[PDB]
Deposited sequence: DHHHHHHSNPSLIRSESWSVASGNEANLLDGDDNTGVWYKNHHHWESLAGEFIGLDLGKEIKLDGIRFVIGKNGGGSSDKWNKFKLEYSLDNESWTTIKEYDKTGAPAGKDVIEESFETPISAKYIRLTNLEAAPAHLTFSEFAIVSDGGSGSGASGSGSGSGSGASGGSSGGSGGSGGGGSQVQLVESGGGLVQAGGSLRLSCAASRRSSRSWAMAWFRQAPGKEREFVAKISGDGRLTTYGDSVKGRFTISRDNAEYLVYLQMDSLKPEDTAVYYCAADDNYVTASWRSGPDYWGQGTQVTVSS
């Protein structure tokens, strides 16, 4: 009956966290981050075992069924604790360049490790889009989602990132739009499938830049020189026609939206 522990900065984008304890490798959770476009060193997910136990091994399934955008940390460690303050490392991992999808992390401890907490902890900046499927111990319907957002001051910068739950063989234009409170949703930027064509709304051109990385399968919106009238919820969207990707009616998929607030 362990329970889940994880970084408080994360938000659930799909699934529910009971799926990480149900004994099923094919159910999981996709996390995002409304405060930052990267998952940074120190973020973690794992188990509070509820008491001390002599651990003989672990089986943690990271990633989750299918393809899609980058979904796993590149460098991270397995570490454990008795008091939830002092951690000891068991193993470090470098999975840089791994394709999307499940990775079953199965470890056996020749001599038992006494712990009440055990977790995977990020070592290096990675996209803030992470999926996990299962956390266990041993003891004797494409969806787009945006990360990044929050409060920044005028003259400051913020970057947004959008990931997808599946990969397509087709070429999709991607676009950002935004809606300020009780104003019509408005086009912000679009980019063609191969990245070579971009266009911007009049009021952001020369301050915002759209770009994409088709290997990570991410689309970005770099927002520089921020102004109070950039305050809005920002949505990423996908359209199989670059011409209509700037129209409200064009896109076939829309993200969940992320609040951006620019104060004076």
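Going by the record, the unmodelled stretches of the deposited sequence, in order, are 1-8, 149-182.
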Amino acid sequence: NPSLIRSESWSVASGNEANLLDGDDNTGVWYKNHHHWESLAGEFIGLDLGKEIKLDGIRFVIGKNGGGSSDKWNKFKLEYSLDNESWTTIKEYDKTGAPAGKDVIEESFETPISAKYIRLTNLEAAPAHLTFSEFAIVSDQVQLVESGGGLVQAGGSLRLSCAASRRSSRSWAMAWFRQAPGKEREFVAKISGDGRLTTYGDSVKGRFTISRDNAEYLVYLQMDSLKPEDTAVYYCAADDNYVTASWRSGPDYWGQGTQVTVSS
From here on, numbers count along this sequence of modelled residues.
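The stretch 95-103 shows the higher mean C-alpha B-factor when 95-103 is compared against 71-79 in the entry.
With 198-206 and 215-223 compared on mean CA B-factor from the PDB entry, the stretch scoring higher is 198-206. Among 165, 122, 133, 139, the highest C-alpha B-factor in the deposited entry belongs to 139. Taking only the listed residues 188, 144, 154, 191, the entry reports the highest CA temperature factor at 154.
In the deposited entry, the Cα temperature factor of residue 256 sits in the bottom third of values across the chain's modelled residues. Per the PDB record, residue ranking by Cα B-factor puts residue 179 in the lowest third of the chain. Sort the chain's modelled residues by C-alpha temperature factor and residue 23 lands in the highest third, per the entry. Among the modelled residues of its chain, residue 228 has a C-alpha B-factor that falls in the highest third according to the deposited record. Ranked by Cα temperature factor within the chain, residue 84 sits in the highest third according to the deposited record.
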